[PDB]
Amino acid sequence: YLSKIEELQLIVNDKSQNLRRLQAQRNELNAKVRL
Amino acid sequence: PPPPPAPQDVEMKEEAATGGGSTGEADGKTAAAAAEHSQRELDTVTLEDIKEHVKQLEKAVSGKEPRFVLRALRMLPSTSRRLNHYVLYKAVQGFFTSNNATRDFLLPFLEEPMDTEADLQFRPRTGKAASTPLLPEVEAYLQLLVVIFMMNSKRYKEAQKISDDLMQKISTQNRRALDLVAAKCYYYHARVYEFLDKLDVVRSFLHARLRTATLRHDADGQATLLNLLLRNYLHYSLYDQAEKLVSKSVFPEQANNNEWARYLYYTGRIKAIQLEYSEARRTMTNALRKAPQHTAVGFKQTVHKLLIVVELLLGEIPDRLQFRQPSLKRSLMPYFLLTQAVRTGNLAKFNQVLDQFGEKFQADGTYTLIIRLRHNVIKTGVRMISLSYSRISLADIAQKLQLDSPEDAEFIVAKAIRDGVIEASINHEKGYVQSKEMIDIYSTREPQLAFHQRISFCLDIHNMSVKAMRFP
Amino acid sequence: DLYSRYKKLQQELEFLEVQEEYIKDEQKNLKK
Amino acid sequence: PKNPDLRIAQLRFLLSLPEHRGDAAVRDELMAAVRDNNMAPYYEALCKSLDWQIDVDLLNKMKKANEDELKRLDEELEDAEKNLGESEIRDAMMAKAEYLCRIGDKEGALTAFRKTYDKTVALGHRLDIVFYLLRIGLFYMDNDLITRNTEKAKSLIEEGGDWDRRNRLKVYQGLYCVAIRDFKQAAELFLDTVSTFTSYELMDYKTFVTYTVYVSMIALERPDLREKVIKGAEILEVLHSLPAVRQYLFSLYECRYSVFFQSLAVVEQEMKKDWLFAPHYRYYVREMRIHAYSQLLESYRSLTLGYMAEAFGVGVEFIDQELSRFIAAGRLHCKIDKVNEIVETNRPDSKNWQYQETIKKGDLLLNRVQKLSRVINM
Amino acid sequence: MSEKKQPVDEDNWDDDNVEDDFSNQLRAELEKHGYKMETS
Amino acid sequence: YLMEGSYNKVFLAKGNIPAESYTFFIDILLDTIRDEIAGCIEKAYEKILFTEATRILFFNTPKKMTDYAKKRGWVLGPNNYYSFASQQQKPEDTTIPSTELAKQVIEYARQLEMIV
């Protein structure tokens, strides 16, 4: 029960998948604008 | 028997998207909040507050809560057939006889989907199971075999705090569902515990309940429990208001967007009742412009009867007739006449309105109004006339405003300098003010000094738009 | 499973730190 | 068929405001009851005027004659509908039954208006609808009548409409915009003065001349003032018979202020004694005065009151409460001193408020639709 | 709580009340309140 | 009535203010009269004379008002009173308001950068 705390609290921090989802989308966007 | 199909339908539409829907939105979801059926279910809570909830009467007694509380099981995919068991029991209200199995038989019913099986892992099914049956019961407080069951049903919701802080071996983020419920129902807690008396150990329930939402789930708890604490200390006397003065941690993401509004109204009443004009009236202003809609009558009207009282104490106040609901008109009959007594400089009227409606001023209960309202009369007069004339005499304003002597007028000028309205001196022999207005004061750099805050404020809002662009 | 429950999400944290840094550089190239 | 009934509006206002002549209305309006078979001047004056000691059988034999005309209407309508006339007998019964609403109360309305309300088939069969409700909505303090029938006329009667009668609608809407204090729409709606010589709706064109002057003394700008009362002569001659009015306007172009007090006080005496003003003329006079004062302040900067008391009389402590309240009414941008006696003209726009209004909108607007931008979230 | 029939449904204010308190009054009226002096 | 503007409602109140030893507190009330006189004797005033020190101050002349002429940096004029020769000590404060606003241009212009 000791360190059963923080890893789901790091799964809280998977908004970087969402913010960097927008950044990955944007990479595709302007990358293919360039292409 | 033709109307109860409507709670039969909307009930199943609630626990469909909520139970199966938000449980499916809770299994692995919600990087921040993918459980849109949390907020959808709260919109159905508002629907149950607009409508009758489910079975307060509904032409029968006690139909849905003995019915739907059973048989979820969370098993092999023939548990949609358990939803078919939920649906096909509706020939009991339609064809059969309805029977009384609420408020007395709910006490094992709440154990029943837990006693079907070890049903499922996530606690929003349990808080759904002790909220969505029991929250239809909290709004019938006729104080006769119905408030003790609000009492006990919210002891089961105390067992939802117990099954909130001690669930998922710590930190699955279902508070972002359950505090979404444990906002609303906890207010109902402080409703029903204050339907009879002041609560004193529910103060402590609230205290440790604030402490569990400290850091591991600082999401929707701290602000709503902060409202319960604020209205606790507000309904009670003024002793614990130095708390925010030392523990000012009152700043969430302000998600609910009405919680932040009426919350900032409430601490507006706090700083108002301490002593404050400017900050108090500008969060009266800010909470006033954050008043959501006109979708609830009266709740802005009476709260706005209480909103502009510090502006009644400014002396610079207009009369709220476009705010005036005509249903509020019969209740602002003292209050229209109160601000009538404000702008009139009469004294017999000043004590005549207080004399006439001191009982409604007790319903106000904010008699710091009257201790400084005569003071507000003399500040409005000196603000108007001091604003008017550059070199007036104190004998001019004095024996017009019935001051009868020069020396207390010199005390008015003295404490007006001390309060800093005008730079009025005295041609010091016996009074007889020599003074000035103040124009040619400055007008050019001083505005573009303010434009640092206008446009630094604008770039604040700019980065609010960039972070607003961070959403999709 | 607190042996390596704690550790493994950091391995999948560093890399998106690097591209989180790096998308600004590539967009900075696409300005060029 | 409106003008003596517009005099009935005049005369119910005579019943209403002047209690100096506490019974002039029963004199000339009961004089209007014994003629025209009008039974209203003891219905409403039975309710509103005096105790009516005895006029009972003398006016109920004519209420009996009102019943006789009413029942030969109630025989002419079905004894005439044998002919195939599209709303023609309906026109015959709405003329004399809306004229019964002229004779009687709103019973004449409900047997008249609501009866001819539905099978309106032509323009005059809606022109008499909208006009012949505008009369009674004007006679009473009613607002849904005179606004909403004209809303119907904007819908029904027009489809583009006649040039003339839509200007007549502009005249009726101008009468509401002078009932309410709608300054630009009164004078702007009274712009033509061409198609309105004397209709059956116009019991006096000179009253219409008063109606346009009493608002063109507020809303009209000074180049617009010379554009109307000086560049336009079509109104000049019918107020050339009103030379004190014309004197007040040219004085208003001159800013001589004692004749402002005189003829403005006379205009106030009329303003007491004219309907559709009583809820409104409190705003009038002082606004009139600040309409004079500002250009007075545009005269120059460091003014003394004695130079003003030449044009004012004893305007020393008069302008104390007057000018101090006009400053205190959020108006009259100046500063004032007693003994050094500084008067101030300023208010340079490119200063702060032109810089202010956009964020005045875009703060409650910003938090408003920003608040709308979070309903999507939770 | 909107549970009824209803879901179909200082600048110059404090001064619109005092200015609606003296509604037929003599707030200004120069030639009246100013030249009642020398009329007798 | 204190904050209404009557320091003589003090002496009208002290006619019957014992109030079970409400004597020390009304002496400290006299203190909060006199040190506020030490604030409000020339706040935005031209000057006063001795009789104003007889009215607002009391006890005619102790060495406490002579102390008031010799504690705060006071100009005891000949039957005359001054805070200073100027009472305000020459306010210009910078005579240069511009360069610190260029420091506002330093950090503010930096704030315009890093964002878009």
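A compact table of results
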quantity: Checking B:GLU11 against (1) more than 26 Å from D:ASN377 (Cβ to Cβ); (2) more than 29 Å from the chain's Cα centre (by Cα), the condition it does not meet; calculated: (2)
quantity: Close pairs (6 angstrom Cβ cut-off, 6 or more residues apart or separate chains): on the phi > 0 side of the Ramachandran plot and more than 10 Å from every other protein chain (Cβ to nearest Cβ) in region B:424-440, small (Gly, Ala, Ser) and loosely packed, with under 13 Cβ neighbours inside 10 Å anywhere; calculated: none
quantity: Residue check for B:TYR89: farther than 18 Å from B:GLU58 by Cα, surrounded by 14 or more Cβ atoms within 10 Å (Cβ to Cβ) and either among the aromatic types (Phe, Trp, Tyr) or touching a strand residue (DSSP E or B) at 6+ places or on another chain (Cβ under 6 Å) (or both); calculated: no
quantity: Residue, surrounded by the most Cβ atoms within 10 Å (Cβ to Cβ), within region F:17-45, restricted to residues that are within 8 Å of the chain's Cα centre (by Cα) and either small (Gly, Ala, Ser) or farther than 23 Å from F:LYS70 by Cβ (or both); calculated: F:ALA38
quantity: Residue within region D:327-334 that is within 8 Å of another protein chain (Cβ to nearest Cβ), more than 30 Å from D:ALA9 (Cβ to Cβ) and assigned to a helix (DSSP H, G or I) present; calculated: yes
quantity: Check on D:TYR205, crowded, with 16+ Cβ neighbours inside 10 Å and on the phi < 0 side of the Ramachandran plot; calculated: no
quantity: Condition broken by B:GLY298, with the remaining ones in (1) surrounded by fewer than 17 Cβ atoms within 10 Å (Cβ to Cβ); (2) closer than 21 Å to B:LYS379 by Cα satisfied; calculated: (2)
quantity: Residue check, D:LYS82 of a type in the set (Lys, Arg), farther than 22 Å from D:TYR132 by Cβ and buried (at least 18 other Cβ atoms within 10 Å of the Cβ); calculated: no
quantity: Pick from region B:127-177, criterion part of a helix (DSSP H, G or I) and within 14 Å of another protein chain (Cβ to nearest Cβ), ranking: surrounded by the most Cβ atoms within 10 Å (Cβ to Cβ); calculated: B:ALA177
quantity: Boolean, E:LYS4 is surrounded by fewer than 14 Cβ atoms within 10 Å (Cβ to Cβ) and under 28 Å from B:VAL297 (Cα atoms); calculated: yes
quantity: Unmet requirement for F:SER21, which otherwise passes all of (1) away from chain B (no Cβ under 14 Å); (2) hydroxyl-bearing (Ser, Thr, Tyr); (3) at negative phi; calculated: (3)
quantity: Of all residues in region D:240-256 being outside any helix (DSSP H, G or I) and either at positive phi or among the small types (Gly, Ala, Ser) (or both), the one that is farthest from the other protein chains (Cβ to nearest Cβ); calculated: D:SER241
quantity: Region B:375-392, subset under 22 Å from B:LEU307 (Cβ atoms) and more than 14 Å from chain D (Cβ to nearest Cβ), residue surrounded by the fewest Cβ atoms within 10 Å (Cβ to Cβ); calculated: B:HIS375
quantity: Index of the failed condition, E:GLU29 passing every other in (1) on the phi > 0 side of the Ramachandran plot; (2) within 14 Å of chain B (Cβ to nearest Cβ); calculated: (2)
quantity: Tabulated pairs, region D:288-303, first over 17 Å from D:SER216 (Cβ atoms), second loosely packed, with under 15 Cβ neighbours inside 10 Å, C-beta under 7 angstrom, 6+ apart or interchain; calculated: D:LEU296/D:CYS255
quantity: Count - residues of region F:1-16 that are surrounded by 12 or more Cβ atoms within 10 Å (Cβ to Cβ), more than 22 Å from the chain's Cα centre (by Cα) and under 21 Å from B:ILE371 (Cα atoms); calculated: 1
quantity: Region D:150-208: number of residues that are part of a helix (DSSP H, G or I), under 20 Å from D:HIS125 (Cα atoms) and either of a type in the set (D, E, K, R) or more than 18 Å from the chain's Cα centre (by Cα) (or both); calculated: 11
quantity: From B:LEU321, B:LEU337, B:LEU307, residue being closer than 26 Å to B:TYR239 by Cα, touching a helix residue (DSSP H, G or I) at 6+ places or on another chain (Cβ under 8 Å) and either in a loop (DSSP other than H, G, I, E, B) or within 10 Å of another protein chain (Cβ to nearest Cβ) (or both); calculated: B:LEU307
quantity: Wholly enclosed helices (runs of 4 or more DSSP H) of region B:12-116 bearing at least 2 residues of a type outside the set (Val, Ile, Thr) and over 30 Å from E:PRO7 (Cα atoms); calculated: B:64-68, B:80-87, B:91-94, B:106-109, B:112-116
quantity: Given (1) of a type in the set (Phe, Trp, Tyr); (2) buried (at least 17 other Cβ atoms within 10 Å of the Cβ); (3) under 24 Å from the mean Cα position of the chain (by Cα), index of the condition B:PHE357 fails; calculated: (3)
quantity: B:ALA363, sole failed condition from (1) of a type outside the set (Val, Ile, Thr); (2) more than 9 Å from chain F (Cβ to nearest Cβ); (3) out of contact with any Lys or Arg (no Cβ under 7 Å at 6 or more places or on another chain); (4) under 23 Å from F:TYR7 (Cβ atoms); calculated: (4)
quantity: Qualifying residue in region D:227-237 (condition: of a type in the set (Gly, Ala, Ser) and surrounded by fewer than 18 Cβ atoms within 10 Å (Cβ to Cβ)); calculated: yes
quantity: Matching residues in region F:61-109 - criterion: being small (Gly, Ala, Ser), under 29 Å from F:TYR45 (Cβ atoms) and outside any loop (DSSP other than H, G, I, E, B); calculated: F:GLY77
quantity: Some residue of region B:378-389 being under 35 Å from the mean Cα position of the chain (by Cα), of a type outside the set (S, T, N, Q) and within 21 Å of F:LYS9 (Cα to Cα); calculated: yes
quantity: Failed item, numbered, when D:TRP52 is tested on (1) more than 27 Å from D:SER199 (Cα to Cα); (2) touching a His at 6+ places or on another chain (Cβ under 7 Å); calculated: (2)
quantity: Region B:196-211 - residue that is surrounded by fewer than 17 Cβ atoms within 10 Å (Cβ to Cβ) and not small (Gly, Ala, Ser) and, of those, nearest to the other protein chains (Cβ to nearest Cβ); calculated: B:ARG211
quantity: E:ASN24 being out of contact with any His (no Cβ under 8 Å at 6 or more places or on another chain) and within 7 Å of chain B (Cβ to nearest Cβ); calculated: no
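Residues checked against (1) within 14 Å of chain D (Cβ to nearest Cβ); (2) among the β-branched types (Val, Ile, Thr); (3) touching a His at 6+ places or on another chain (Cβ under 6 Å); (4) closer than 30 Å to B:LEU215 by Cα:
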| site | (1), (2), (3), (4) |
| --- | --- |
| B:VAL246 | no, yes, no, yes |
| B:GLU259 | yes, no, no, yes |
| B:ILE270 | no, yes, no, yes |
| B:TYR277 | no, no, no, no |
| B:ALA287 | yes, no, no, yes |
| B:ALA291 | yes, no, no, yes |
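Rule-based calculations on the coordinates, nothing more; no lab input. Virtual Cβ from ideal backbone geometry, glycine too; neighbours counted across all protein chains shown.
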